[PDB]
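Chains, contacts and geometry: an overview
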Amino acid sequence: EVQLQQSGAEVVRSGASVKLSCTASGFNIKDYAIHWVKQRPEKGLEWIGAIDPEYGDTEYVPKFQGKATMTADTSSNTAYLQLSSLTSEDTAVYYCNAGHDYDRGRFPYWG
Amino acid sequence: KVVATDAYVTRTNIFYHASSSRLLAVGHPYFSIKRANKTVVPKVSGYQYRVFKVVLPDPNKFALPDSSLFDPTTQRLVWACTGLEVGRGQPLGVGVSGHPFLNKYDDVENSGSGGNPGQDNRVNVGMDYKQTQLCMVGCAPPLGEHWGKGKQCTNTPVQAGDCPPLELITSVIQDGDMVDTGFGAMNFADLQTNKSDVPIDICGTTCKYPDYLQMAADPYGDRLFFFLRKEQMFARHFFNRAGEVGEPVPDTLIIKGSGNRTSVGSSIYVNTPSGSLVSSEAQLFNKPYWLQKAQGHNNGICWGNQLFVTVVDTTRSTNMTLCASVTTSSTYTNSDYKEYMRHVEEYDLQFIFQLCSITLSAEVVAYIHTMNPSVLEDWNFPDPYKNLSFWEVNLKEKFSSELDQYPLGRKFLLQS
Amino acid sequence: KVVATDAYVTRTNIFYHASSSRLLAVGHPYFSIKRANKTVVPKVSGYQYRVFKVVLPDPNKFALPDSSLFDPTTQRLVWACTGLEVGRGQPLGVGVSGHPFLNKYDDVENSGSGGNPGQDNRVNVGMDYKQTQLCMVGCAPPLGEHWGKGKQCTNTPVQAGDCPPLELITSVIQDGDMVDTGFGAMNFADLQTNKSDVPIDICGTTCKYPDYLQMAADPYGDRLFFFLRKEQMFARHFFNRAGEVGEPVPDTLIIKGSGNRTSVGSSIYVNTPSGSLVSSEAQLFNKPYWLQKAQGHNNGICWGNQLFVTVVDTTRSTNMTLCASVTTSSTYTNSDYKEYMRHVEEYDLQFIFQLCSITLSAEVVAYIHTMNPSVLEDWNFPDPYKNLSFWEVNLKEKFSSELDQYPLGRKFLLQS
């Protein structure tokens, strides 16, 4: 009963922003450590950043700083990942995964 | 509705002395030793309750000097406790408990430490417990209170890994139950599932604390003829627990940082206790106590010809270290020796009772049918405590009318 | 102008006992738990004020044994407090508070350290608070004093980031307010804007200290029938604060160096407290207190048929650590367990009141119109305290005339 629902596939022209959503990860008092992973058919898996609901902390990768913006809505909800100037290298499958309660390595619950 | 025993129990001039002789308990201060099925070495620790079930001879069946004291009909006899001395016969000292995998993360008293949360951060840590002295007397076993995994659940409905509901459970203190240490009176077997938050001698059992309020609020007061207590402790060291914080610090209370840091440190703090100094001036034992007046209505009447004496003494908790040689190499090698833990307890229970008669009128028999009805059944006018565990002290064939032939008897003649 | 109650309140021989039974408070020792809007687990800490609002039944509407004691006209009844015992039912111990981001720089007690002032130097630090015991009784709630951000401003005119003006604020002590710890009685929410100078359980609230001087100097003395107190602490460790020194050391007091150094170290020193040893001999509770003579003119008269009992007890502040298993891996992994903080408080309020009548002459009615006028309005001859928060103790339907059926009643018969 622990599954994560996202926004859905989207076809975007170059130079426009897109906003991805996650669900059922990020509640009051609990406390998850949400991560986002990019999957390009050539580069495999790439870690984007780690966001902590409740506290709302934010950590990024220098490759994606300025490209990916992370937000968290403490009620319900979350975790919104938005990308700005979209180029051909952003065509990928994005995942919202959360290890149970905290930390980085563990992704047993994927979007 | 409830009246004191002084109204319907007449006192006599017949006094008796009874001594349990030397009582010795030798075992392991941390856990029982079972090979291969049943225990071979018992668990003997200074932080255990010593609940002595003293069995008294029936005065209605006793070989009294003269039977003209009472009429076999309409009158019955019962013993009344008037003197008590719990003698301890071991050197004063403090014993230590520990855990080779105690859930201690960082020494939080001073400072540190950056960021090392990992698989297993348990450390081998030892400590001394809080000093506790107490002794009680009654004709019924004492009541202890402890916090356990409460009935589920207040509010509803879901698991898992959440905080267990707490419930204050009152129970009977059995011989061998653990007294509170520095981490409270709780059922560590149920509330701490990692078997690593407290030292090994309490991590799989339950620490019980006496419910003085309930036992004092009892109508008849059969459990507290009197009590004496002395508890003392201070905070030795501070540290935090490893693992995920089940209830995080609220946002409103911390300004998030920090470039680095960013992960909130473990905010589950617990401190090690310490019993501080033990001294002879602080001793409650090795001195007689005379039950001049009882707090309850039962003024020391031992109904059922039995007496429950509870004793806690952590001032003689010294754990002896034994070293046996398996071999003797040319040089010193640790593999040649085995180290063992052993603890001892020496007791000498001394009592002085007063014979009393009860004129059984219609009103008296009615008042005694209510309360304990077995008092009338045993008088000819199954034991629910066989499921519990007490230190049996058979004082039948130990009563003596020659008071001056014993230390407590000599002290009784020159006092009270 | 102000006269003692003994002049216009006649005493009787009718005494009553009333017990609150067992009162339990279970919660989190650091902060309240809100999911998602309202609190689910309250903040229960041993360092909180326990202000019990004891509601007494109106003796003018009470089912007294005989109504010939007084005349319905010209005379009214009121309760007078003569006996009190505040029973505590938990093991003695010390609890610890902390902050995962405490504004601690260098351990300044010994020496060190060179030059590492940076972005964030907060460290995860825990500590034990100062030991404080106190209990008060009155027919009006007690007054506490604390230092808060004062009205702006003495002198003129400009901001910003300067030291805030201090003002000694006297207020009503509510149930749940924090007692002083080792950092004074102040409003940490306003005076410390970094939310990181004191541990998390006080960094967003206010520590209040009783204004003994004002409550003792009040004319009628409705707030202090009597009081008992014991405070003790010592300096555990020393350190300095990180951040800019708002007020630097004068040029006259330091010879500047030094090639290196040149920057004056942080000169904002604050020390962690420590409650030292807690012992049974130092306990104020579990023993009765008889209001023989009051310090004020109100000699224990419970005006309005209510009684405010304030209690602070840090000697039973032990915080229990709970550990729930989320999973059970083949090896030991910290990710499988959640750690929780829980604290409990057990109380048993026992009172013994004396019935009193008041002959209402023209002068008596005049003297009672001044002072509290509601005393006459409620007698038939809106509550401003509904904005505050007290622990309601409803002792109506709990009064009993059989004193010997209760512990405090038994102690009353054999004493005073």
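Residues numbered from 1 in each chain as written, not as in the entry; some residues may be left out. Chains lettered and ligands numbered in written order. Part of a larger assembly, values for the part shown. Heavy atoms only, no water.

The name given to chain B in the PDB entry is Major capsid protein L1, with Human papillomavirus type 6 as the source organism. According to the record, the entry carries the title "immune complex of HPV6 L1 pentamer and neutralizing antibody 13H5". Reading the Sequence similarities (unreviewed entry) entry of the UniProt record for chain B gives the comment "Belongs to the papillomaviridae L1 protein family." (UniProt positions renumbered as here; feature names shortened; annotations may be inferred.)

The PDB entry lists chain A under the name Heavy chain of 13H5, with Mus musculus as the source organism.

Right, let's get into the overall build of chain B. What chain B contains, in helices and strands, is 5 helices and 21 strands. Taking the principal axes of its C-alpha atoms as reference, chain B extends roughly 90 × 70 × 45 Å. Every one of the 416 residues in chain B was classed for burial, and the buried ones make up 53%. If you sum the accessible surface of chain B, you get close to 18,600 Å²; carbon and sulfur atoms cover 51% of it. Positive and negative side-chain charges in chain B, numbering 36 and 41 respectively, have mean positions lying 3 Å apart. (Helix = DSSP H or I, 4+ residues; strand = E, 2+ residues; numbered from the N terminus. Buried < 20%, exposed > 50% of the residue type's maximum accessible area, 1.4 Å probe, protein only. Areas by Shrake-Rupley, 256 points an atom, 1.4 Å probe, with all protein chains shown as cover. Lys, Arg positive; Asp, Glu negative; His and termini not counted. Charge placed at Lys NZ, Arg CZ, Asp CG, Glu CD.)

All names here are of chain C. Spatially, 5 strands are ordered β14-β9-β19-β5-β22 in an open sheet, and the strand pairing comes out mixed. Single-partner strands in this sheet number two, and they are β14 (226-232) and β22 (391-394). Within this sheet the neighbouring strands show an average axis-to-axis angle of 15°, counted without direction. Bridge count between strand β9 (residues 131-138) and β14: 7 bridges; the pairing is antiparallel. Bridge pairing links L134 to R229 in β14. (Pairing = 2+ DSSP bridges. Axes fitted to C-alpha atoms, helices over the stretch in contact; angles between N-to-C directions.)

Let us look at the interface of chain C and chain B. Of the residues lining the interface, 77 residues belong to chain C; the matching set on chain B comes to 86 residues. Regarding the contact of chain C and chain B, the summed buried area is about 6,800 Å², with carbon and sulfur atoms giving 54% of it. Three residues stand out in chain C for area buried against chain B, namely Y332, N334 and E339 of chain C, and they jointly supply 11% of the buried area on that side. If you look at where chain C meets chain B, you find 5 salt bridges. We note a salt bridge from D120 of chain C to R261 of chain B, for which the minimum N-O separation is 3.5 Å. (Contact = heavy atoms within 4.5 Å. Buried area = accessible area lost by both parts, 1.4 Å probe. Salt bridge = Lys/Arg side-chain N within 4 Å of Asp/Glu carboxyl O.)

Moving on, we get to helix α3 (residues 362-369) of chain B. Residues and elements named next belong to chain B. Listed in full, the buried residues belonging to α3 are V364, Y367 and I368. In an axial view of α3, the angular spread of the buried residues amounts to 95°, which keeps them on one side of the axis. Opposite the buried face of α3, at more than 90 degrees from it, the exposed residues are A362 and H369. Of the surrounding secondary structure, the elements contacted by the buried residues of α3 are β20 (337-359) and α4 (374-378). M371 sits one or two positions beyond α3 and adopts a positive phi of about 65°. (Arc of directions from axis to C-beta.)

Quick look at the environment of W147 of chain C now. Residue and element names in this part refer to chain C. In this structure, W147 sits in strand β10 (residues 143-149). Judged by relative accessible area, which is 40%, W147 ranks as partly exposed. Taking the C-alpha atoms as reference, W147 lies 32 Å from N299; in sequence the two are 152 residues apart. Apart from residues no more than four positions distant in its own chain, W147 is found in contact with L166, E167, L168, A185, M186, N187 and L191.

A separate point is a nonpolar patch on the surface. On the surface, a cluster of nonpolar side chains totalling about 340 Å² of accessible area is made up of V249, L253, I254 and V264 of chain C. With respect to the secondary-structure elements, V249 of chain C resides in the loop between β15 (234-240) and β16 (269-274). (Patch = residues over 30% accessible without salt bridge, like charges linked within 9 Å, V, L, I, M, F, W, Y side chains within 5 Å.)

We now examine the interface of chain A and chain B. Across the contact, 10 residues belong to chain A and 15 residues belong to chain B. Here chain A and chain B share an interface that buries about 1,100 Å² over both sides, 43% of which is from carbon and sulfur atoms. Here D162 of chain B ties to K30 of chain A by a salt bridge, and the two come within 3.2 Å at their closest N and O atoms. Where chain A touches chain B, the interface holds 4 residue pairs in polar contact. Residue composition of the side of chain A that touches chain B, by class: 3 nonpolar, 1 polar and 6 charged. (Polar contact = N/O pair within 3.5 Å; in protein donor to acceptor, adjacent residues only side chain to side chain. Nonpolar A, V, L, I, M, F, W, Y, C, P; charged D, E, K, R; others polar.)

For the rest of this paragraph, the subject is the state of the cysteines. Applying the stated rule across the entire model yields 1 disulfide over all chains. Disulfide partner of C22 of chain A: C96 of chain A, at an S-S distance of 2.0 Å. Given an S-S torsion of about -80°, the disulfide between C22 of chain A and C96 of chain A has left-handed geometry. Taken together, the residues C22 of chain A in the loop between β1 (18-20) and β2 (33-40) and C96 of chain A in strand β7 (residues 93-99) connect sequence positions 74 residues apart. The same class applies to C22 of chain A as to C96 of chain A, namely buried. There is no disulfide at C135 of chain C, and the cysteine sulfur nearest it, in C81 of chain C, is 11 Å away. On the accessibility criterion, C135 of chain C (5% relative accessible area) is buried. Of the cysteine sulfurs around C207 of chain C, a residue in no disulfide, the closest is that of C203 of chain C, at 10 Å. Of the residues examined, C207 of chain C reaches a relative accessible area of 0% and is grouped as buried. (Disulfide = S-S within 2.5 Å.)

As a further point, take the relation of the copies chain C and chain B. With an RMSD of 0.1 Å, the operation that places chain C on chain B is a rotation of 72° combined with a shift of 0.1 Å along the axis. What we have between these two chains is a five-fold relation. Little of the interface of chain C is mirrored in chain B, where only 10% of its interface residues are also at the interface. (Least-squares fit on C-alpha atoms.)

To continue, consider unusual backbone geometry. Trans peptide bonds make up the majority, and among non-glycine residues the majority have a negative phi. In this chain, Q159 of chain B is followed by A160 of chain B through a cis amide linkage whose omega measures 0°. With respect to the helices and strands, the residue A160 of chain B is situated in the loop between β10 (143-149) and β11 (166-172). Located in the positive-phi region is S276 of chain C, a residue other than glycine, with phi close to 60°. The residue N286 of chain C is not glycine, and still its phi comes out positive at about 60°. Its place among the elements puts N286 of chain C in the loop between β17 (278-279) and β18 (289-290). Of the residues examined, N286 of chain C reaches a relative accessible area of 17% and is grouped as buried.

Time to look at the packing of aromatic side chains. For the structure shown, the criterion picks out 49 aromatic pairs over all chains. With centroids separated by 4.2 Å and ring planes inclined at 15°, the aromatic side chains of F226 of chain C and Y289 of chain C adopt a geometry described as stacked. Remark: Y289 of chain C occurs in strand β18 and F226 of chain C occurs in strand β14; sequence separation between them is 63 residues. Residue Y289 of chain C is classed as partly exposed on the basis of its relative accessible area of 30%. Here the aromatic cluster, defined as three or more aromatic residues joined through ring pairs, consists of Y16, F62, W79, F351, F353 and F399 of chain B. In this structure, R88 of chain B packs its charged tip against the face of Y347 of chain B, placed 4.0 Å from the ring centre. It is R229 of chain B that lies over the ring of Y212 of chain B; its NZ or CZ is 4.8 Å from the centre. (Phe/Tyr/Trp six-rings, centres within 6.5 Å; stacked < 30°, edge-to-face > 60°. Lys NZ or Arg CZ within 6 Å of the ring centre and 35° of its normal.)

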